[PDB]
Structure formats: C-alpha cells, structure tokens
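Throughout, a chain's letter reflects where its sequence line sits, starting with A, and its residues are numbered from 1.
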Amino acid sequence: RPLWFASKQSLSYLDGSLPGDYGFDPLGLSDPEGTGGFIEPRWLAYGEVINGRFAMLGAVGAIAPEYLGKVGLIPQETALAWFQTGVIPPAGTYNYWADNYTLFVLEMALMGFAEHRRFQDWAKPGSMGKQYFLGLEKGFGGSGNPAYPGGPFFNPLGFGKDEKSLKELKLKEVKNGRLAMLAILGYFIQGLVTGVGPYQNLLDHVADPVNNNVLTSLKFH
Amino acid sequence: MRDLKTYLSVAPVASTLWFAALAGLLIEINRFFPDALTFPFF
Amino acid sequence: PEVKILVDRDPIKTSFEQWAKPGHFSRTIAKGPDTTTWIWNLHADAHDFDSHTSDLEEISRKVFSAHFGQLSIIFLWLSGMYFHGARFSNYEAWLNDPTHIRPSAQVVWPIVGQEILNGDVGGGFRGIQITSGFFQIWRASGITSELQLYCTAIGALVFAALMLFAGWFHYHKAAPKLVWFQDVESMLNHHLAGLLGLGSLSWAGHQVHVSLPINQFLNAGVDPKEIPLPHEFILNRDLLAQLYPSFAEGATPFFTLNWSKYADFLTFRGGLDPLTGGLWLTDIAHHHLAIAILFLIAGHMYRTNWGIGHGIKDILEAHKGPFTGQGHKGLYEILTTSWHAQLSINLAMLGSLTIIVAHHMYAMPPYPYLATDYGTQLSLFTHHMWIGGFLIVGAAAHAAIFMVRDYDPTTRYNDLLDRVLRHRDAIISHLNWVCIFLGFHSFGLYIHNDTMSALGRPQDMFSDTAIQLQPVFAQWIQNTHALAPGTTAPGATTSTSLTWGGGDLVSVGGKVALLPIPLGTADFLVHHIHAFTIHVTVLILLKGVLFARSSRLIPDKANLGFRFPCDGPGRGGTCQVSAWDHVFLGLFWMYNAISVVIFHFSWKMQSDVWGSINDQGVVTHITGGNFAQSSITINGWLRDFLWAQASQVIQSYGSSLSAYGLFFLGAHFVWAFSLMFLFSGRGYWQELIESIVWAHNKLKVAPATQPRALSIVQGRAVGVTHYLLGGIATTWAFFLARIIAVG
Amino acid sequence: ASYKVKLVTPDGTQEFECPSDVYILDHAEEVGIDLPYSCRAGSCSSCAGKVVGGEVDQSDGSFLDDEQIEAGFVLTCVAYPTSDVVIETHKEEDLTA
Amino acid sequence: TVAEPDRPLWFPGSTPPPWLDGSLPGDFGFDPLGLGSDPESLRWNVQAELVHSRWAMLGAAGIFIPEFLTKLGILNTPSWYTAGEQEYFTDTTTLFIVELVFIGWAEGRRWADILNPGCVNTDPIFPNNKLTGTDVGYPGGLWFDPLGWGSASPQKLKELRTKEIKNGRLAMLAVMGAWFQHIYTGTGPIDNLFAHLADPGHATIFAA
Ligand code: CLA
Ligand code: CLA
Ligand SMILES: CC(/C=C/C=C(C)/C=C/[C@@]12O[C@]1(C)C[C@@H](O)CC2(C)C)=C\C=C\C=C(C)\C=C\C=C(C)\C=C\[C@@]12O[C@]1(C)C[C@@H](O)CC2(C)C
Ligand SMILES: CC1=C[C@H](O)CC(C)(C)[C@H]1/C=C/C(C)=C/C=C/C(C)=C/C=C/C=C(C)/C=C/C=C(C)/C=C/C1=C(C)C[C@H](O)CC1(C)C
Ligand code: SF4
Ligand code: FES
Ligand SMILES: [Ca+2]
C-alpha cells in the first residue's frame, strides 16, 4: 500500500477496505468524528464514484465530435467543439430539433425520473422493487450497496461473481474515474485559456513545443 | 396545523390582522367618498 | 489537537408546538402570566441566550443561526433597494444628466391627498428624492440599464432565501459542537485571507473589467445606451486595448515582472477627478490590488494543522515585564470562553471604524458625482457618526456584562485585569479630574466670549481678531501634507486630499467639489469641546465597567446582577448603582457628543467649503463664511445656525418637503413625551392604576391578567429610547429639509 | 389522577391518595400525617423535601436555586404530584446546608 | 373503512402520514404540509375537494366541448373568457341576483347536512319524498340518483368514487391550464393545442 502525503490523522480511519485507498487526505475530510449532512464518509465515497462515472462518459464525449470531424463523411456542421455546441450560447449555438430550453425541461424530466429513484434506493435500500412500475421493478431491487446495485439491468453480462473479480475491477474503475475527472478539469481551463478546443489544442502542441503552456499566459481573450 | 391555528390567534398576530383589514376598509371608503366634512344624506 | 469539522445530527426537531406556548426558553415565563409584567419580560429576555441555559454549546449554536437570520434580513433589504431602483425610479434619466436631475426611488399612491409628496425631481418623473447615494454607487459600478438592477434584485432575493435555509439547517439538522467554534486560529486565517483578501481581489477584478471601461466611456460623453455591454469588454479585448494599450500584452508583464507596463490603469495619482469630483478609478483598482495582497499574506500567520504558524497563547505568554507582572498570561482562556468579551472588543473596533469611514468619505470622496450632491454627503456623514457612537456604547455594555457574569479569578486568572482592578480608584480619580479641567477650558472660553461680546468688549474676546488661539500643530501637519507629493512621496503627483491645501480647487457643474479647508481659532475651540465630550462619555462608561462587581458603598454588587434598580433607599440612597444604569447614562452623553460633532461639520462645510463658483472664478459659499466669526459665541450658534437654517423646514407646508415639516413636529413631540417617563416613578402610576381598575370592576369588565405599572428599569429604558428617537429624528428632518431646499 | 403518595418521615412512612391537581401539603393535611410548614406560599424552606422516585410538578415554585429543582429538593406546599411518588419530609437544613 | 396498508404512493419509498390510512377513496398519501392531520379538518376538506372537483368538471366540459366544436363549425359560442360580457336578454347584476338566490338555497341545504348529517333529508311540503343516500357528500335519492347507479356495497362504490375524485382532480387542473394559457397568450386553448401539435419541438411556452 503506497502512501501519498499521508498523516497520522488520515491513516487512522483510512484502513484500506476502499478501492484505491492511498491514505491521502491532507484536509481530513473522511474523519468520522463529527459527521453530519453530506460530510458522512459513505456519501463521499458514493459521490466520488458517481463523479468519476459521469466524468468518464463526459470526457470521452466532449472530444468525440471534433475527432470525427476529421475522419469520415461526418458533416462538419455537426463537428463542433464541446464549448460551441450550445453549452455556452455566448460561445456558439446550434439549431437542433428543439429549443435548447424545451431541451432542458425534457432532459430534466427524464433525469428526474432516473435520479429520484436512484436516491430512494440510497435512502431506504430496497424501496423501488416493491411499488408497481409497469414491470421494471423486478430489476430495480438492489444489492445492499448503493454504488453497485446489480440486477438484470446494470449487470447483463455478469462480470465479477467472486471477490477478487469485484475488487480488481472496482480498483480499475475508480482509478479511471479519477483520471477522467482530472481530464475534464483540464478541458475546462485549457478551453478557456487558449480558447480553441482540446483536440485542436493537442494537435497544435504535438507539432511544436514552442507554445506549450506559458506561451498562452498572454490569454488572447 | 392545529398548533398553527392557535399561534395565529396569539395577541400580536390577531391584532395585526384585525387592523390591516380595518385599514383596507377605511382606505377604500375614503377612496370612494373623498373629502367628507358632513353627513350629506339625511 | 488538529482542526476538523465536528457536527451533531438533528439536535432540535422542527415543530409548531413551541410557537403556541409563549416563553418556552425560560422556565419562569413558560409558567404563564398572572400580571401584565409577564408580557414585558417575555420580550426583554428573548435573546439573552446565556441566561436561558448554562451550556456553552447551546449558546454558540443559537448565536450562529441567529447570525444567519440577520444576514437573510440584510439581503432582503438589499433586494428591495435594487428592485426600487429598477421599478419606481428615475435612474436612467439621471444617468443622462447627473448634475440637474435630483435622484428619486420612491413614489406614493394618491389616497388622501398625499400625492403632493410626489415632487418634481426632474426627468419626467415625480417622487421622493433619496439621499442614500445609491445612484452614485450604481454609476461607479457600471450599471447602465434597469435590467441589471432587476437582475441584482432577483439574485439578492435568492441569496436571502439561501441564508434563511442555512439558518434553519445549522440549528436543527447539522449543528456544530463547541470545539468547532473554539478554534480561533483557523477562523482568523480564513477571515483575513479568505473573506477580506479574496473579497477585495475579486472586487479589484470587477473594477478592472467593468467599472473602469464603462466609466471611461461615460466620461467621454457617450450615450449610456450606446455603450457596449460589460461582457463585450471580456469577449472582444481590442475594445479594452483601445482605452488602455497595456491590455494588449495581457498578463505577460505580471509574470515578466515588468509591472511598469501596467501604469496605464494602475496609477498613484492622488487628488480628485476634475470631471466628476471623485477619486481616480485607476487609483482605486490599484489600491484594492495592494490591500488584497496584504490581507492574503496576513492570513498565513496562525498555526492550524501543519506546524508552521503562530500560537496565540505563545505570543500572549511571551509578553510581560517589570511593571505588569505576568500580563497576557490567561487571556486566551478568557477570550475563548465568553461571548461577551469578544462582543465588547468587536463593538469597540467596529464603532471606531465607522467614525473613521465618515471622515475619510467626506474628505476624499470615492464615488463620482457624490461631492457635489450635498444632501447625500451630509446624510452619509451623519448616519455613520450615529452608528459608530451607538456601537461604541454597546461595547461598554458588554464589557460590564462580562465583568458581572463571567470574570472568575478562581478558574481563569489574568494578571493585567487584576492589577487594573487593584488601582481603579486612582484611574477614576485622574479621569474625573481631566474631564473637569477640560470642561472649564473649552466651554468656559465660550462663556467668556458671550459675556465679552454682550458687554461691548470685543477686543477682549478669544477670536482671530482679538486674542488668537491658532492650532499650530494642525496647521503644521496639513502644511506637511501639502508639501508631501514630490518630497516625502516622490511617487505621488497630487496629495491625498484637497483639504490639505496647495491652492488646488475642484469644481463640477458650477459647484464646489473640494478646496483647502482653513483652520483658525474657532476650529481650536470646537476641537477642545470635542475632546471634553469624549472624555466625559469615557468616564461614565469606564466607571460603570470597573465597579460592576463591588464598591466601597455596596461591597457585594455582583450578587445583585447586571440590571437591577437599586439596593434600597438606605446608605443615603443607592438608585442607579448597577452597570446597566451607567450604560443608560452614557447614552445621553454619546448623544450630546455626536450631536455637537454633526453640527460642527454641517456649519463648517456650508460656511467654508460648499457653494457655487462663477466662470470668472469667484466662489460664493452657501452661508456667507460666517463660521470664523460667529461660531465662537453661543449666541452665534443659536442665531446664525439654528434659527436661520430652520427656515427651510418651517416653511415646507404645501410643498413636496412637507413630510419633513410633519416629522420635525412629531419628533419634538416624542422627545417631550419621554420626559414623563424619565422624571417620574412607578409608585404614582401603580396607585393611579388602582382606581382605574376599581372603575372597571364596577362594571364586570375587569381583566384577568392584572394590570401593573412598568418596572423601574423598564421606565428608565422607555425614557431613554423615546429621548434618543425624538432628538435624532428632529435633527434628521432639520438637516434633510435644509440641505434639499438650498442647492 | 389520584396517585398514591409515599413520604418517609421520622414518624415513619405512610400513604394517602390524592388527585394530581392538588398540592402535596393539603393532602397530607387531609388524612392527618403532620408535616412542617411555615409559609404555604413557596417563599421559604420549611416545607422542603427530596424525592425517591418519580418527579413532582414545580411550575408554581419560586425563591429556589436555578438547581434546587434539578438535583432533588422540593417544597411540598406548591407541588403537584404527577406520578405515584415517594418523597422525603423534614428536609430543610440538609437543603439549607 | 378498509385500511389498505400498502396502496400506491405518489412518492415511492415514502412512508405515508399516520392520518392517511387507506380508508378514503382516491387515497395516495399526499399531504407533505400536513394539512389534514385532524379528523374534522380532514372531513371538511374532503367535502371541499369533492365539491371543487364536481364544479371543475362542469366547467371543463363547458369550455372544452364548446371550444372544440366551435373551432370546427358546429356552433358559434364566443370565447369562454370573453363570454362574460356578450350580453343576454337582461344585463348581469340581476342575472347574478337570481342565480344567487337559487344556488344559495341549495348550498345552505348542503351546509346543514355537512354539519348535521341526515337532518334535512325529506321535504317539508311533501314529507313522503326522502333522499336515499346515507353518506355526506353522496346525496342519492331520486333527484341525484334516479338511476340507482350509485348506491351499492363496497369494492363497487369505492372504485366508482375513486374514479370520480381522479376525474375531478384532472378537471380542476384542466380549467386552471385554460385560464393561464389564455392569460399568457391571447388565444384559444384549441389553437394552443393545434399549434403545439403542428410544431411540438418549438411551439411551447418558451416562444416569447
Ligand atoms: C452586535 C450587536 C449587539 C448584539 C448581538 C447584542 C446582544 C444582546 N444585548 Mg446588546 N447592545 C448593543 C449591541 C448588541 N447587543 C448596543 C449597540 C448597545 C448600546 C445601545 C447595547 C446595549 C445593551 C444593553 C443595555 C443590554 C443589552 C442586552 C443584550 C442581550 C439581550 C438583548 C435582548 O434580547 O433584548 C431585547 C430587545 C428588544 C426589547 C428590542 C428593543 C427595541 C428598541 C428599544 C427600539 C428601537 C427603536 C427602533 C430602532 C426604531 C423605532 C421603530 C418604532 C418607531 C416602530 C443580547 C445578548 C441586555 C442584557 O441584559 O445583556 C445580557 C441589556 O440589558 N445590550
Ligand atoms: C382545492 C383543491 C384541493 C383540495 C381541497 C385537496 C384536498 C385534499 N387532497 Mg388533493 N390534490 C389537488 C387538489 C386539492 N386537494 C390537485 C389539483 C391534485 C393534483 C395535483 C391533488 C392531488 C392529491 C393527492 C395525490 C392526494 C391528495 C390528497 C388530499 C387530501 C389530504 C388532506 C390535505 O391535503 O389537506 C387539506 C387540503 C387543502 C387545505 C387545500 C390546499 C390548498 C393550497 C393552499 C393550494 C396552494 C396553491 C397551489 C399549491 C398552487 C396553485 C397554482 C397551480 C394550480 C398552478 C385532502 C382532502 C391525498 C389523499 O389521500 O386524498 C384523499 C393524496 O394522496 N391530493
Ligand atoms: C387547481 C386547483 C387546486 C389545486 C390544489 C393543489 C394543487 C394543492 C395541493 C396540496 O395542498 C395539498 C392538496 C396537500 C398539501 O400538503 C400539499 C399541497 C401541494 C399544498 C383547483 C381548481 C379548481 C377549478 C374549478 C373548481 C373550476 C371550475 C370552473 C367553472 C365552474 C367554469 C365556469 C365557466 O362558466 C365560466 C364562469 C364562464 C363560462 O363562459 C365558461 C366556463 C369557464 C365553463
Ligand atoms: C482528494 C482531495 C482530499 C484532500 O484532502 C483535499 C483535495 C486535494 C481538495 C482533494 C480533492 C482533489 C481533487 C483533484 C478534486 C477534483 C475532482 C474533480 C476534478 C472532479 C471532476 C468531476 C467532473 C465531472 C463530474 C464532469 C462531468 C462532465 C460531463 C458529464 C460533460 C458533459 C458535456 C459533454 C459530454 C459535452 C457537452 O458539449 C458539454 C457537457 C454537457 C458539459
Ligand atoms: S425604589 Fe426608586 S427611589 Fe427608592 S431607592 Fe430604589 S431607585 Fe431610588
Ligand atoms: S411553608 Fe415554607 S414553603 Fe410551604
Ligand atoms: Ca469529519
């Protein structure tokens, strides 16, 4: 168990039962002494898991279009950056089949249907596989652990029916999630500072290293 | 809810409501019959 | 040892049952009323947290959530200000022509003829002229449309709801424990470097990107609607580089350390902007940058969790010498266990700060077009002086509360406190003496002057023409401040203010913004009057604090509490020995001192500063300049200041200033009404209530909660409250009517 | 309602029945087990006593320490017996200290 | 009076409030403000919800049928909103006075029965006539139940009543939507529906 900037305070409660437990907690946020709302350590682990999952999704998605803008018949009008698709209308917008406000309302409706139920699984573990849902309830029973619900839905292929299985896979999952979280933060501050897009930025750096980092501190805009 | 009904009948709240209603009533009367010095009816 | 978050879950449950049972907090009130006295006590002890219970944890939880409630209220008041500027105001027209439109953000409904209060404030609008100076702030902010005012009103409403929710949350769901509160090192590190450092850094940022360019465009003459929006200045940068070439290099200097290349918009000019009569914005941005750097560094002094830093206990224990014994050993234990000690220190400092704000904002006007708006300047100086005085008096109140309820040499012993307690007699003796001597040599000069002026002997007066008393040191210091830029401050161009001198005068719209203020015999007399009043107030408050526990007259005074009427008529009579009564007496003297301060400033500014200037350049002051020769007698204050300037308010009936004429008289009434409570006692009143109760009993209409006369202490408190309200409101109406009428 | 009361006393320990709306003293007055009182108004320490079990309503009690009602002592003449209680009598001085 | 313990719940996973047991029809356990935690409060508000639902259903019919067949050239009834003014054989104040007398009689009768059940049942002029329904808010008798359709024994009456209360909730909401659409827009509701149907992805409220 390699340690990064550990301490005799962090190393007390960070025993090792968690994946990627590196004893790194220089601020002491997991300390179970005075725990209240949204500072409880289980919720912090669940939150890291969800942030990392969404980060893997979003970090692969925010770069995919402008990569396929260069290879194939993919039409360039549908090859935008991640900041000039409608995310920041003062930086570029599009005309989809809906308004971008009706889009917001409808996407919020669908995600409300999803996330209220995921929470209600967190709060009273095993609630959702009891009330009628047009079917769709026999698969939303749960597994006692919020972040790893299992079922016929969230595990079709049946990966990891033992303990070494699950521990090794969980480690790889949280590590990739951390990497993608870092990557998304880099996306944000790169796409502000140089203001061109991460793929274009990488391709403008792979040629020459003359303008790697400190060059862009002139911050054109 | 019953506790709220009781609380709403405590002295300061009851007087506040009573006088706000009275004020609305006199204000509207004077907005309809302005500048009255006498009883001009009978 | 280490620093961490520590919280309890669900300490108290949200319920209505305690609303319906009045006085749940105190066991005595909970029992219910027999007499009307109950109803008064219920309100007097409502926020006396450390008296409802003994547990320090509970008191601190209550204090934290009460602070959240106060912040929610302040946000709601800000929301109202911005909404009224957006909806019922003439701000846009004033933005078009600031030196002709007088600001107004309140209109009234036409109900009983009161629409006469909607006066002609210019710009096609009729309402009430405001004096809070909000238009000046909104112009210095860059705000140019009412949509931005709407937006800020909505944001403030959101923030108020957020504060209220956090207040509920930290008391009922996640309540921090005592060890969290008692960590002062991390708290100071955050407030120094996080609240004040990051705050002024962020604000310097906003001034560099919004206020500076929009004000450059506005002062260039551009129509306030054809100016670009602020965010354009951020998207397109050539707009910025047109006004400030330095924005082309764009943070390369800040790293290449050639900060010289920013001299474009970070200057050190000093003096006023001769176009708007305010400080250079390029000076204010640079100022805020420097202040942010200073605070961000200062927020790294105290040790929290990584060894490096300073232990407050170590600093205090290190300081001691042969005159003070062991001093400062034992103050960390005290300043972390009593809320009243903290409150006293904090109130003292905040009151002094408010007074300093008053002086600095008149003398170096920060906002554009504020210096020539005379009503706003008078209002701001006066308001802030009153606030400062009140807070300083509260400081004494809570020092006395600490001395009665918390000081304890058996478990928390400090040496310096003990030694001051052991020579309080000499302390109070010398302060008493110096106040008597100071009162003879300042007011006595006025009495000498009045008597020499009435006896036809003006050559025997104390004045600039007969017997001069020139404040040599004040003249010497402002002469040093005049020669400063270039000699002891080579980096400055003009000096800090125009009151120092140098022969520089700033005008705006044919009005006088600033010019050198002359010091003479009258200035000498007024300042010694001020020293006298402050010394007397100090004597009363410090006597109240030092003798809060015991005296040669009553040797166990701490056992009677902090607020008690007396200890009976024996020993000669012992009315008003408590420390509460000393606070009660000090309020009158604070009123006296602040009133004289605001009268001195109001007469002096009109007489030698404010006025109108002609194209040929001949300044005509509002009053003729009669402060130098009429301020030195009392008759000149009664005649040339009160009688001559009350004309505006006693002639406002029929105009839009008639509300001030009504409030003048109402305030006189409330003041005279308080004397009844101040001059009498409750025995007479209870005996009169006896007969009135008989009359009610005769008709089976007598109440079951037996009516009593007020308490002795309540009588005193009602008296001082109405006295202060009456007096301050009288001066409020007088000032506002007078200043609004002439200009 | 009318819970049974128990009073240790130098005379012994005796029980009497008596409704909760009453003060203990007049109820020991009913059956006739003599107790020491001076004031009958809750403003002295002659009717003082402490408790063995349960606890007694001390709403209309005054002239007591902000503790005398949290560590055992009670004045019998201003006290409502909310429960089947077991109390002490002649307890002024070990209260007087 | 059949305390269905595991009924459908508006918020799955909740635990319903203690006063909402399962007896009342159309029960789903929704009272997050706790406005029905006292039995007398609950029965009064049951009457209020019921009568509101029946009024709303009458109103929803009277708008949405005449409008849907006014767009189509069936009838020529003016806008339900603007139909307040288009004047009839008299004016409106007298029309209101006669409506007032007439309906206020009936509402006073319903009042009496709400505060004292079954104490106004029969007719004074003709005592033989008698309302046949034995519950408050479900009058029955020949006038309000000549078809006998209503009076039966539970599992039959309970379902019919739940169906009533759900139709009524939807009708309250429906007329509320008619109001707010025609105040936001200056249109008719069927026009709103047709426009939104011809361009759903764009003809929403977010058109201003
Ligand atoms: C940060 C500021 C602050 C804070 C938090 C406190 C907090 C506290 N003070 Mg304190 N105090 C302060 C400033 C402060 N004070 C100042 C500036 C002064 C100088 C005046 C005092 C002087 C003072 C005294 C003399 C006393 C306290 C006391 C107390 C304690 C109980 C207060 C209470 O609930 O009474 C109840 C509050 C009220 C009954 C409201 C009074 C309403 C006023 C009189 C009316 C004001 C008029 C209004 C402004 C305008 C008129 C409106 C009208 C026309 C409609 C409490 C812990 C009391 C104590 O015993 O300490 C343990 C005590 O007696 N304070
Ligand atoms: C005037 C209308 C009205 C009234 C009186 C009631 C009354 C009742 N409902 Mg009901 N409800 C209504 C409308 C109403 N509802 C509508 C329109 C819906 C569909 C959204 C529902 C859906 C619903 C469910 C799912 C359930 C109830 C239930 C209940 C019962 C629980 C007790 C209670 O809520 O306390 C008393 C009720 C009130 C005091 C009325 C509250 C009126 C508030 C102040 C309105 C506030 C304004 C509103 C929020 C915004 C209006 C604008 C909007 C229309 C755009 C009760 C008898 C529970 C039940 O078991 O039924 C038997 C239950 O589970 N209701
Ligand atoms: C929406 C509504 C009520 C909604 C109430 C809600 C959501 C309350 C919910 C909750 O409180 C609960 C229950 C429980 C709490 O713990 C939680 C909350 C959330 C607080 C009532 C509408 C009720 C609406 C009604 C009753 C409508 C009747 C309409 C009629 C009669 C029409 C008459 C007309 O005749 C005119 C006048 C003119 C003619 O030309 C044409 C027409 C238009 C036909
Ligand atoms: C550990 C610790 C402890 C100690 O004691 C202290 C400290 C140090 C503080 C710490 C920490 C650290 C860190 C680093 C943190 C971070 C994190 C992150 C980064 C996250 C993210 C996270 C992230 C995330 C979620 C993200 C997500 C995203 C997404 C979905 C995206 C989306 C999108 C796309 C696709 C595209 C489009 O067009 C747009 C959008 C729509 C936008
Ligand atoms: S009762 Fe009043 S007059 Fe008498 S000693 Fe006390 S304060 Fe003085
Ligand atoms: S007699 Fe002293 S308390 Fe009852
Ligand atoms: Ca913790």
Side-chain angles (χ1 to χ4, degrees), chain A residues 42-43 46 77-78 85-90 93-147 149 151 153-154, chain E residues 2-18 20-34 155 158-159 162-163 165-166 169-170 173-174 176-177 180-181 183-185 187 189 191-208:
Chain A
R42 293 196 52 227
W43 181 259
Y46 198 17
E77 48 100 341
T78 318
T85 189
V87 200
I88 319 105
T93 167
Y94 193 87
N95 286 76
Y96 303 94
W97 65 269
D99 182 271
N100 305 28
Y101 278 99
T102 317
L103 277 181
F104 187 53
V105 173
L106 167 47
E107 162 224 5
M108 277 295 123
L110 293 193
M111 302 282 331
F113 255 130
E115 300 278 287
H116 292 99
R117 301 191 51 102
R118 196 187 41 101
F119 183 90
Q120 278 295 93
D121 182 63
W122 158 272
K124 325 251 150 213
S127 308
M128 312 271 89
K130 301 266 190 64
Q131 185 163 316
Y132 178 61
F133 209 67
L134 311 163
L136 291 83
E137 63 185 342
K138 283 80 162 193
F140 291 151
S143 90
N145 311 348
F153 296 145
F154 314 110
Chain E
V2 278
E4 313 302 300
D6 37 2
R7 42 212 211 285
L9 280 198
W10 62 285
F11 188 28
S14 295
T15 86
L20 283 193
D21 316 346
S23 92
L24 269 168
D27 186 295
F28 307 91
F30 175 81
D31 184 10
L33 293 178
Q155 322 105 59
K158 182 170 179 298
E159 196 74 338
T162 279
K163 265 154 189 173
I165 209 55
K166 293 214 222 143
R169 289 171 180 180
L170 200 86
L173 280 208
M176 207 34 51
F180 264 41
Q181 290 162 152
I183 177 86
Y184 180 75
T185 41
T187 187
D191 289 283
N192 280 330
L193 165 90
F194 274 4
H196 162 269
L197 254 64
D199 209 314
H202 278 280
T204 78
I205 182 186
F206 292 115

Trainee: Do any of residues 119-141 of chain A have a heavy atom less than 4.5 Å from a heavy atom of chain E, and if so, which, in residue order?
Mentor: A:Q120, A:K124, A:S127, A:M128, A:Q131
Trainee: Check each atom of E:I205 against the heavy atoms of chain A and say whether the ones under 4.5 Å are side chain, backbone, both or neither.
Mentor: neither
Trainee: Please determine whether the number of non-hydrogen atoms from other residues, nucleotides or ligands lying under 6.0 Å from atom CZ of E:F180 exceeds 12.
Mentor: no
Trainee: Take a 6.0 Å sphere around CG of A:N95 and say whether it holds more than 12 heavy atoms from other residues, nucleotides or ligands.
Mentor: no
Trainee: Would you find more than 12 non-hydrogen atoms of other residues, nucleotides or ligands less than 6.0 Å from A:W97 atom CH2?
Mentor: no
Trainee: Can you list the residues of residues 101-117 of chain A that sit under 4.5 Å from chain E, counting heavy atoms only?
Mentor: A:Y101, A:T102, A:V105, A:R117
